[PDB]
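Given as structure tokens, the chain that follows is alone and in the form deposited in one PDB entry.
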């Protein structure tokens, strides 16, 4: 996580909402154990669960800023 604790939208913890986060999203969503993920950063919509809603939020972030 960056300067907050966790950075929602930045799953690979690089400080930016990018297409690499999509990868990490999809890993955990598929049920993979993602080494080097910020597992808390996946809950982008802030519901407490890592779901496709967050994926859609991620797509929102990444489409806007950097893919």
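Numbering follows the first chain given and starts at 1.
Omitted from view is the form deposited with a partner chain bound, to which the following refers.
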Q: Please check if residue 36 has a heavy atom lying within 4.5 Å of any heavy atom of its partner chain in the deposited bound form.
A: no
Q. Is residue 5 a contact residue for its partner chain in the deposited bound form, using a 4.5 Å heavy atom cut-off?
A. no
Q.
residue 48 versus its partner chain, in the deposited bound form: is there a non-hydrogen atom within 4.5 Å?
A. no
**Q.** residue 15, heavy atom within 4.5 angstroms of its partner chain in the deposited bound form
**A.** no
